[PDB]
Amino acid sequence: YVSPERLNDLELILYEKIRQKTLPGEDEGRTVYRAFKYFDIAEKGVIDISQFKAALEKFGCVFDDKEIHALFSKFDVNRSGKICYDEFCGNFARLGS
Amino acid sequence: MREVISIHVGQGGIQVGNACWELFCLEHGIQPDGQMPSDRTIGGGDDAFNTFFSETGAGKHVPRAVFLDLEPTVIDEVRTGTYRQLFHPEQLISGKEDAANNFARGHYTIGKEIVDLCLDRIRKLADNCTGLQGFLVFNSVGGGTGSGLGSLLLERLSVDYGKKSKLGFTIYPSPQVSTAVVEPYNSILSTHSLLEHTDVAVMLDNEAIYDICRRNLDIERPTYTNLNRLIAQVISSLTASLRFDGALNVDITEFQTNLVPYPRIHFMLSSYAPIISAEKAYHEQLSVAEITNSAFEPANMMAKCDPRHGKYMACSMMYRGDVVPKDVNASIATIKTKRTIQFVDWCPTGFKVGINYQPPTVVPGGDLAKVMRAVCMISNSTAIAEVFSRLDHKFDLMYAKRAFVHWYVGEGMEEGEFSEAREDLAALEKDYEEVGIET
Amino acid sequence: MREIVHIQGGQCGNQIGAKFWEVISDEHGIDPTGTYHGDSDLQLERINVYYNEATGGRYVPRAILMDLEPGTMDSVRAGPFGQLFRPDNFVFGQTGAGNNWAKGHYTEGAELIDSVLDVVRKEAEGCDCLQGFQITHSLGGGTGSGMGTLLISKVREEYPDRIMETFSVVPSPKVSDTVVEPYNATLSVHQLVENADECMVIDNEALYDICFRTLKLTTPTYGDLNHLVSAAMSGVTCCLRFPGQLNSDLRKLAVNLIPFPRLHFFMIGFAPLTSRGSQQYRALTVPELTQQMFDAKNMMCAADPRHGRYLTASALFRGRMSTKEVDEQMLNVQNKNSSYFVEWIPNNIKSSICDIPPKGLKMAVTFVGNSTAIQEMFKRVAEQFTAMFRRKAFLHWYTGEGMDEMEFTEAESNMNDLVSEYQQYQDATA
Amino acid sequence: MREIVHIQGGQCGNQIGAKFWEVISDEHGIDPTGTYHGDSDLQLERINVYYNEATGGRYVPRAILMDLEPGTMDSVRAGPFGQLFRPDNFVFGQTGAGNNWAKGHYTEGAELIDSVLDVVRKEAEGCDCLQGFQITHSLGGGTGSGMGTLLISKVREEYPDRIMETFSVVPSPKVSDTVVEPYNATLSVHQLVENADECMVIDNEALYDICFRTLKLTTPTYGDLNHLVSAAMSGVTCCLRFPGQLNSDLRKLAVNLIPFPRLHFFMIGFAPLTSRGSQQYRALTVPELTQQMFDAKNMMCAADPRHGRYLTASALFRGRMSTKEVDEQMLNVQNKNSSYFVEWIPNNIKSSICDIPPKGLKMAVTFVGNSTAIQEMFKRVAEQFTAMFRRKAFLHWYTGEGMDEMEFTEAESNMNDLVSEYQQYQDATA
Amino acid sequence: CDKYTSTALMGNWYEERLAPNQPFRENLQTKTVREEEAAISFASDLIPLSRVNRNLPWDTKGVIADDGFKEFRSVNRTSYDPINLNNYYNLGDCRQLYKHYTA
Ligand SMILES: Nc1nc2c(ncn2[C@@H]2O[C@H](COP(=O)(O)OP(=O)(O)OP(=O)(O)O)[C@@H](O)[C@H]2O)c(=O)[nH]1
Ligand SMILES: Nc1nc2c(ncn2[C@@H]2O[C@H](COP(=O)(O)OP(=O)(O)O)[C@@H](O)[C@H]2O)c(=O)[nH]1
Ligand SMILES: Nc1nc2c(ncn2[C@@H]2O[C@H](COP(=O)(O)OP(=O)(O)O)[C@@H](O)[C@H]2O)c(=O)[nH]1
Ligand SMILES: [Mg+2]
């Protein structure tokens, strides 16, 4: 367990790299949407923890499984274990504005 | 320790690379994401995947393949297909503008800005390789970038590496079933470059394989994915001996010393058997004598060419499954006995036999059934001059009025290059005529 | 990603462009507000071919709307899907052309062309890899036939190697809306041959005939003809936007269709077309598609194809199918109709396949053909031209704006040479 | 910490300064009553550059207000953000200048300027480490063009090592509001080249053209022009107040923009500028920002920069962006326009990055350029001056305060020498 | 409709009973379509372009309507379809000797 004011720093690090990888004339939300829609196969709109870890890994962010739960828990408000990446991309586009 | 490098260029070359690499991964039990699923493998094949795959150090395996094309459509869809995680990200080279069915575009204007990247990737692949055997090139000649870039690559490879063997699985246009209109121009010019730069050429036209599917599989609505699986099956059978235990093993260097009598005569055509569906397979004998007889049937041949109009020079037998060497000799002797199939005088012995214990592998969702025996036949014959004859006829008919020429001269090609290609094939067509005479 | 820019001039060109953009936006799933509301992922992979991206996630078409009077662009803005076009992409004068070629090409068109050229240059330099141009205009009018061809000359001089497409609504004698069509039509055809790489002639009479006989609808309007032209235009470039088995861009069409540099006047057609009352009574098979495609009454030109011989032809199949039937049907139609195909060229039909048919349909085919039957189109126009020109009728307006009889004499001579060199292949034998 | 004091003279100077201080207060989050209401600590970290300390934690600008007529300051006190100004800084005359350089520079300016000189001396001595001065005034008026330049001369005499900025508005022949403007314009230019280290010419003609063409608003007022000038004035010195990737100050800009001591007349522009109906149709990117930066119609002077050759150029970027994008954009704009840059000074363009964009925008650019095409303005002004002077028109007003024709002659000769030097360094080759 | 008002079995009567509504034809009094307003952008000649209340859009849909085919699939995408490889894996030799629930 670790949850200091460190998840915010991890999110800031996460945001810089998407902006770094963002294609010209596009928002970070579309770029991260492309990544999640690349990894997911069920097309239902929700993924698991391992797919989220792989999505973070393609961006180049390397972390242990411990904080992957910490980031996922912050975004998975309903405790259901499935994340709707629509809200993920919307929030990161709002923060990237 | 022994392995080959595969070259896939053009639209046709890549789309047949999809089928073959599907089979190679499946035959060794490799998942599309690259992770071998263990499942108590304990080295079941052990050291057998180096021919087509290389270990990444921990887990996944990466193929020894490179993809080239000037149009990103086919490249991008592989990058988003089911095999997205398999291939190396920078080994799928994609161009910017397609050759647009032009020979000069892909060889003098835009084909020179991509060869430098491709040669670098080949060099890196070769350095990691330790027991390099040769190269396998898949391309379509009746197209722009396939004939254009492919010819440029062959010239560069022959100078950089030298004596390494090269085998080309080309796709010439059919006599009447074909797509493009200006394809005789590209087809004639490409034969000029590949004649003195490759060592083995196999004809893989489209109309012949359409008949095979209709007559055997009873499929009246075939597409390219059906054809590519048939071509993929030939590749695996041909190279099976390099990576599996066998009673009579034949590597790729026991082809040029067994099937090429003269340096200018290295064009051959293939056949494969048995070709049966899943309904009729279990009511039939499928004996070794029957499968070897059907391979010599003229309509079973994979190229639109009738072998009865010419003689034979050299044939290669590649058996796999539970064949017995005694059975092969008895069946072969019957083939020599019948007078319909006639060889050439100066070749008293003309059969090279290779036997492998590995039975054919079946892909789920395919059309073929799971059998216990199979045979692949590569034949060098003088009847191949027939297909070159009609290509010359098509070229001269539409070149007398200089049709479509300005598309070629305006890109960098000189008008005098067309004459040279005509003369060499004029020389080549009569080399086959001269060899076919008797002493 | 090999993008194309769009230019439309004149009233007919503006209406055709508006309908085309409506159709393309509907097919790509873009709402009238520019916000993506599609269904599948394939609709966004190559959306940059036709649309630019702006802040807020909205997509704006890269089209230029040009005319000498504000009448028609007021209408295109007021109509549906009029909010997609950028307000900076509208350029106009105040006077109009008045169906005079000289007014739109020498005095008023030349004065205004600088701004539209600047906009075109900016748009072309904006994209990564330009692929070509497409033009929608009419040769029977003043501002279109003149100002559009002047812009064509300028842009061709600036960009020498990019492909250029035109969709010209050439006049026809059965349905006539102007009394001075031959003059400016002849002048525009003279000016177009040296610059345009591909021309696709269209007749209002042909689409009226199609609407009367095939669709069997009593009272269609310009909306339906515009819709048919837009459907053909969208079907031309299907492979440039969607994956398939045999991909063919604009350049691949030109190589497979143009044997000689001055033979690039085509005729087009679309299939399938069925009436509302007989929609559900017909099967969906490749033979039906090719049977309707080679119909002599299914063309977009008044000229009869069976009065000449095709040099080359192209078909662009869409939807999931078997490649074997495509080749077999092309071979059969080329064999049973060997009289209509010129003999000294083998396999003069090209086929292309795309995996994505138009929305709501399983299979659709767009046909582009290069025949010798186009010459009657020019034969009748020049026939009117000389009959009107012997008496020097309606000539003082042209001569009163810096134009001379020498230009008319040059234009009529170029038409005759084009017709002669375009028809001599019908009688030439190997 | 290298703070700068502000001086504005005349009605035009006061009107510019009021809106400039409004914009700066909005940028730093200061309410009209002087109480901080910001959100981030970066807004308050570097407050000492413009604002002093007062009672109750309130901030007052270190700006001196001066004019010979009380009406303009009576208006600015009641205008918006009028409560920030300290009442002691207001310096007033009782009579006025009447558009007379002699009256504003010899008789009344001399007797009034002692108090404002004492005030500015006190303000300069108050700060721990002065950085420089900046003046906003008009060269077509009397009181500004005379008393402001006399104050500039005195301040340059008293503080030699500091730098001086002059945001000067000069009149143009088209939008003319005064008959006697050429005399005092030439005299003010001759005096300004003496002491001003940097001069940034601003044209009401250029501002009107920009408002008419780019912003596309039907009825512009002086407030819009003041807002544009204020935006440029805030942009030119942003990095000295906010952190960035590459720090740059006014002295650094002077070093990188002044090759020779007599060539210090820059021309400025600001980007981006869009209308209200075009904000949603455009995407804000570095390529478009740098495309609008160098546009000839985007500048704030009547001179066309494509009629001459740039000697040096500067760019100041606001917001977060990659440095490689900026570097390659400047390299490309230098490469594609090699004919518009003089060739004996390679790499004649400068870049700087600040990470705090203006409120309401994500990225912004301020451009300061030294060009030899600015000489045309001086040429036309001197032409008008000599045309009026050959007949000695309106000369009794000027000679009634002791000034003689020798000053007119020497000012004209110096102006011609400056124009000749600009031309000579333009047509110079290695 | 052959010089008549339908509901009468005249020439070409069967097809036009299927024309959906065509709101333009029976409502030529409304006009309106006045949604441009004084945009002041698009354009200026500074006078904004004059606007005239345009008429109804006249239906369209001349090309054959939808036949209930969503489509939006690729031949390559459906050809490989990793369901096939999944079924040839982790499955087989099922003959239901005893009775057991399965996916
Ligand atoms: N059998 C078979 N032939 C193919 C396939 N794909 C393309 N071809 C052949 O390729 C020929 C035309 O060339 P294309 O493959 O379309 O394009 P290309 O060879 O890459 O050259 P470009 O047109 O410049 O891109 C056709 O006549 C086909 O016979 C395929 O998947 N299977
Ligand atoms: N097919 C079709 N033709 C049209 C349409 N609008 C106008 N036209 C044709 O355009 C011709 C008139 O051209 P005109 O507008 O005067 O050309 P301009 O003066 O250059 O703009 C007429 O003969 C019409 O047949 C349309 O929506 N569809
Ligand atoms: N751009 C701009 N120009 C102004 C403004 N106020 C006045 N002017 C110009 O300045 C000229 C008059 O200057 P004036 O007030 O007599 O200068 P002063 O005598 O020094 O105060 C007029 O021609 C105006 O065009 C302003 O707020 N902005
Ligand atoms: Mg290709």
# chains A, B, ... in the order shown; residues from 1 in each chain; ligands from 1
$ interface_residues --of "chain E" --to "chain A" --cutoff "12 Å" --atoms "only C-alpha atoms" --output "mmCIF file with N, CA, C and O atoms, in the first residue's frame"
data_model
loop_
_atom_site.group_PDB
_atom_site.id
_atom_site.type_symbol
_atom_site.label_atom_id
_atom_site.label_comp_id
_atom_site.auth_asym_id
_atom_site.auth_seq_id
_atom_site.Cartn_x
_atom_site.Cartn_y
_atom_site.Cartn_z
ATOM 1 N N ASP E 81 -9.646 -14.278 -37.803
ATOM 2 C CA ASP E 81 -10.674 -14.453 -36.782
ATOM 3 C C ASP E 81 -10.221 -15.341 -35.629
ATOM 4 O O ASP E 81 -10.612 -16.515 -35.568
ATOM 5 N N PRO E 82 -9.410 -14.823 -34.698
ATOM 6 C CA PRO E 82 -8.724 -15.699 -33.728
ATOM 7 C C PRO E 82 -9.644 -16.630 -32.955
ATOM 8 O O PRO E 82 -9.145 -17.441 -32.166
ATOM 9 N N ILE E 83 -10.961 -16.538 -33.147
ATOM 10 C CA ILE E 83 -11.864 -17.545 -32.604
ATOM 11 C C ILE E 83 -11.480 -18.926 -33.119
ATOM 12 O O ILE E 83 -11.526 -19.916 -32.381
#
$ select_by_dssp --residues "region 54-121 of chain C" --states "strand (DSSP E)" --output "ChimeraX atom specification"
/C:59-61,63-67,90-92
$ residues_near_ligand --ligand "ligand 2" --cutoff "8 Å" --atoms "only C-alpha atoms and all ligand atoms" --output "PyMOL selection string"
chain C and resi 9-13+15-16+67+96-100+137-147+169+171+175-178+202-204+207+222-223+225-226+229
$ residues_near_ligand --ligand "ligand 4" --cutoff "6 Å" --atoms "only C-alpha atoms and all ligand atoms" --output "number ranges by chain"
B: 10-11, 69-71, 98
$ atom_distance --atom1 "CA of residue 366 (chain D)" --atom2 "CA of residue 221 (chain D)"
22.9 Å
